[PDB]
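1. Here come the first chain(s), positioned as in the complex:
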Amino acid sequence: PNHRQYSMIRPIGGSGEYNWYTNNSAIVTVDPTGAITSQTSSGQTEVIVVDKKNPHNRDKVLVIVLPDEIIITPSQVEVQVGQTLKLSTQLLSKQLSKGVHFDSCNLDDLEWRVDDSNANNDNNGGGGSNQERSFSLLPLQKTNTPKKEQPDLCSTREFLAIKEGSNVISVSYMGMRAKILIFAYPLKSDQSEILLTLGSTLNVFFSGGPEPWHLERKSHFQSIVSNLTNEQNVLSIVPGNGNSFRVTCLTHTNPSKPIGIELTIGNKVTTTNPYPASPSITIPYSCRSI
C-alpha cells in the first residue's frame, strides 16, 4: 500500500504511433511510453495499446496486483575472516507456479539483523559488547542509487566477518520472516619447500580449510596431487591420519619443470550447500656439499 511498484510494456509493429489505455486506473495506470504503475488497489486489470493512424490495429496486456512469503536468496555461506558476505532477499506468492517469481520487487527497507546464539533469558536493554560476534551487518551507503544485480530482489546487504565461528542472520517485513546461518574461517601447510635427497621421505601437515558440511558430511573432501599427468615415476604421495600426508622421493626433479603438490580442502555442491567453500594451496617440490 505504501510502496507502488513499476514495470514497462513495449509495443512492436503498426504505424509507429500509439495511444495507451487502462480498463481500471484504480489498480494500474499507464503512461505515454508504456510504463505501468500500481495504484491503491489490488486485483486484476488490462492495459491496451491502439495505433493512431487507423484504430483497428491494437493489442492488450493483463496486469495483476497480489504476496505470501520472503526468503534469503541462495548464495555462499562459508567465508574468510576479514572478507564480506553478500545476502539478498526475494518475495514469493502461493498463487505462483514453483519456479516463477514476481517480474520486479522494490521493497528495500527490510528489517535485517544479526542474531546472537546464546541470548536465551535476558529481557534487558544492555549495550552488549560488539567483540564476541563472528559477523557484523554493514551500513547502507548514501551514494547514488545502485542498479539491483537482479530485478526480483527486494533488498541486499553485506556482512563483514570480524572473528572466527558463525552467526545467524534474520529478516522480517509485515510478519513474513527469513533466517540463514553463516560461517567465518584459512588453509595452511607447515612445509614451504620440500627439498629431499634421492629416496628421502618427509611428513607434511596442514591447518584450516572447511569442516565436513554439517548436515551431510560425505560431501566433504581433502585432495592431494602434483602438477604432472605422470606422477608415479618422480614422487610418491601418500595421505596420512587426519590433516597429514607423506612425500617419498623416486627420481630427480627436472629444473625446467618445477613441481608443485596441490592440497585442496572443501565441500562438494549439494541440496543443502549449493555454493560451498573449496580453497587450495600449492607446495613446491625438489629431488636432488657438507
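-> Arrived safely, thanks for sending. Numbering: from 1, shown residues only, chains lettered A, B, ... in the order given.
2. quick one: contacts for the residue minimising distance to the centre of chain A?
-> With distances taken as CA atoms, centre = their mean, residue A:75 lies nearest the centre of chain A, 2.0 Å away. Residues near residue A:75 by CB atoms under 8 Å, 6 or more residues apart in numbering: A:85, A:86, A:87, A:88, A:275. Placement of C-beta: from N, CA and C, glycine included.
3. Doesn't residue A:126 belong to a helix?
-> No - with DSSP: H, G, I helix; E, B strand; the rest coil as the criterion, residue A:126 is located in coil rather than a helix.
4. Relative to residue A:148, how far out is it?
-> Separation of residue A:126 from residue A:148 (CB to CB, to the nearest Å): 37 Å.
5. the more surrounded of the two?
-> residue A:148 (16 against 6; other CB atoms under 10 Å).
6. Isn't that one up against residue A:155?
-> No - taking CB atoms under 8 Å as the definition, residue A:148 is not a contact partner of residue A:155, at 9.0 Å.
7. and residue A:12, helix, strand or coil?
-> Assigned by three-state DSSP, the conformation of residue A:12 is coil.
8. what about it, how many neighbours?
-> Around residue A:12 there are 5 residues (other CB under 10 Å).
9. Residue A:220 bridge partners, please.
-> residue A:267 (DSSP bridges).
10. residues in contact with it?
-> Residues in contact with residue A:220, defined by CB under 8 Å, 6+ apart, are A:210, A:211, A:212, A:213, A:266, A:267, A:268.
11. same thing but at 10 Å, please
-> Counting by CB atoms under 10 Å, 6 or more residues apart in numbering, residue A:220 touches A:209, A:210, A:211, A:212, A:213, A:265, A:266, A:267, A:268, A:276.
12. same thing with residue A:117?
-> A:133, A:134, A:165, A:166, A:167, A:168, A:181.
13. where's it relative to residue A:97, distance?
-> Where residue A:97 is concerned, residue A:117 sits at a distance of 37 Å (CB to CB).
14. likewise residue A:118?
-> Counting by CB to CB - residue A:118 and residue A:97 are separated by 42 Å.
15. Looking at the contacts of residue A:75, which two lie furthest apart in space?
-> Greatest spacing in the contacts of residue A:75, by CB to CB: A:88 and A:275 (12.8 Å).
16. which residues are in contact with both of these two?
-> Here residue A:88 and residue A:275 have A:74, A:75 as joint contacts, going by CB under 10 Å, 6+ apart.
17. Looking only at neighbour counts, state which of those two leads.
-> residue A:88 (18 against 11).
18. Correct me if wrong: that one contacts residue A:74.
-> Yes - using CB atoms under 10 Å, residue A:88 is in contact with residue A:74, at 9.2 Å.
19. Tell me the spacing between residue A:283 and residue A:237.
-> For residue A:283 relative to residue A:237 (CB to CB), the value is 11 Å.
20. likewise residue A:267?
-> Counting by CB to CB, the gap from residue A:267 to residue A:237 is 22 Å.
21. Please say which of the two ends up with more neighbours.
-> More neighbours surround residue A:267 than the other of residue A:267 and residue A:237, with 23 against 16 (other CB under 10 Å).
22. mind adding chain B? sequence follows:
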Amino acid sequence: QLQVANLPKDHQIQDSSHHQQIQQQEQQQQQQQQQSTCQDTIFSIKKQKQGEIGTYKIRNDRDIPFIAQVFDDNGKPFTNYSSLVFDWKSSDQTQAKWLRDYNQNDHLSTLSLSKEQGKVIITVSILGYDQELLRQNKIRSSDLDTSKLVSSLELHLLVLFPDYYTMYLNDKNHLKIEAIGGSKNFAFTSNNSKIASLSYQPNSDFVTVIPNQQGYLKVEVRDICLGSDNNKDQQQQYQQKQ
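-> One more chain to add, chain B, which I have set with the ones above:
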C-alpha cells in the same frame, strides 16, 4: 545437546507493578555489558557442533541440574521425547558426580561438584528407545544411530592481598592491593575516601591506595562474572537452625 537446567522459581502471584520492568532492564543492560567477559562461564554455553566439546569455567562446591535437549535433524526440539533412554557420565566421580535421583535414565540429572580446583568432562548419551513402553503400545523397535546421540562439556573447577597493612603517612607511599582468586574481572570499593584514594584500570587484577589522612581504610572487591557470596535470602532460612 547438554544444557544447564534453569528450573522455574515458585509461581508467586502475578502482581502488575510496572516498576519491575525497570529493574529487569537495569539488570539486562548490566548483563549485556557483562556478556563481553562472562563468555567463558557455564552460563555462556554456545550451541556446539556434534562432538565439539567446549571448556566452560564453573565454581566448585555445589550441586547443579542439567538437561539433555533432543532435536530432530531439521533442528527442531521435540514436543515430547519421553520414549528414549539416557546415559549420564563423568570422566572423574571425585571432581564431578551425577547423583542418585529416582530416574537415572531421564532427560534431567543432578551433578554434584567437589571442593577442589581442576578439570572434568561430563557427557550424556542416548542408549535407544525403551522396549517396555514400545511393547505396551505394541510398537516395533526401530534401531537408533546412537553414535550421533552423544553430547559433552568440559568443566574447569574454580581474596584481596595484603589482607592487613600499615602505611606510613606520606604522599609518595602507595600500596598495591591485588585480587587473588576469581574471573580476573573485578570492581574495587572502600569505606572512606577521606582516609585514602583508590586508583585502578578496567580489567585490572589490582588497585593502588594513596594516603590522604590517618585512620583505617577497608577495601572490598566484587567479581563481575562470578558475583559475591553475600546471598542473604538463604542465610535467613538457615539462621533458625545454625
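23. Once more for the contacts of residue A:220, now including chain B?
-> A:209, A:210, A:211, A:212, A:213, A:265, A:266, A:267, A:268, A:276 (CB atoms under 10 Å, 6 or more residues apart in numbering or on different chains).
24. okay, those residues in a markdown table with distance to residue A:55 next?
-> Formatted as a markdown table, the contacts of residue A:220 follow (distance: CB to CB, whole Å):
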| residue | distance to residue A:55 |
| --- | --- |
| A:209 | 69 |
| A:210 | 65 |
| A:211 | 68 |
| A:212 | 68 |
| A:213 | 63 |
| A:265 | 69 |
| A:266 | 64 |
| A:267 | 62 |
| A:268 | 61 |
| A:276 | 59 |
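25. circling back: using the three-state scheme, assign the residue nearest to the centre of chain A.
-> coil.
26. Distance-wise, check the nearest residue to residue A:201 once chain neighbours are set aside relative to residue A:233.
-> Closest residue to residue A:201 apart from its sequence neighbours, by CB to CB, 6 or more residues apart in numbering or on different chains: residue A:248 at 4.5 Å. Distance, residue A:248 to residue A:233, using CB to CB: 13 Å.
27. now do residue B:68
-> 57 Å.
28. who's more crowded, those two?
-> Using other CB atoms under 10 Å in any protein chain shown as the criterion, residue B:68 and residue A:233 rank with residue B:68 on top: 22 against 9.
29. and which of the contacts of residue A:220 is nearest to residue B:24?
-> Once CB to CB is applied, the member of the contacts of residue A:220 that ends up nearest residue B:24 is residue A:211, at 38.6 Å.
30. what residues does the stretch 151-290 of chain A put near chain B?
-> Proximity of the stretch 151-290 of chain A to chain B (CB under 10 Å from any CB of the partner chain) is limited to residues A:165, A:166, A:168, A:181, A:211, A:214, A:215, A:217.
31. Neighbour-wise, give me the winner out of these.
-> Sorting those by how many neighbours each has (other CB under 10 Å) puts residue A:166 first, at 20 neighbours.
32. ok, and the closest non-adjacent residue to that residue?
-> residue A:183 (4.7 Å).
33. What residues does the one you found make contact with?
-> A:76-80, A:85, A:134-135, A:161, A:164-167, A:210-211, A:214, A:277.
34. in chain B, which spans are strands?
-> B:2-4, B:54-58, B:63-68, B:84-90, B:96-98, B:108-113, B:118-129, B:150-157, B:160-161, B:175-179, B:186-190, B:196-199, B:206-211, B:219-223 (DSSP state E).
35. name the helices or strands packed onto the first one?
-> For strand B:2-4, the contact count by 3 or more CB pairs under 10 Å, 6 or more residues apart in numbering or on different chains; DSSP states H and E identifies strand B:54-58, strand B:63-68, strand B:118-129, strand B:150-157 as packing neighbours.
36. Go through these and name the closest to chain A.
-> Within the helices and strands packed on strand B:2-4, the stretch nearest chain A is strand B:54-58; the backing value is 11.6 Å (CB to the nearest CB).
37. Mind naming the longest helix for chain B?
-> helix B:19-34 (DSSP state H).
38. Pull out the buried residues from that one.
-> B:27, B:28, B:29, B:31, B:32, B:34 (16 or more other CB atoms under 10 Å in any protein chain shown).
39. cool, and stretch A:267-276?
-> For stretch A:267-276, burial by neighbour count (16+ other CB under 10 Å) applies to A:267, A:273, A:276.
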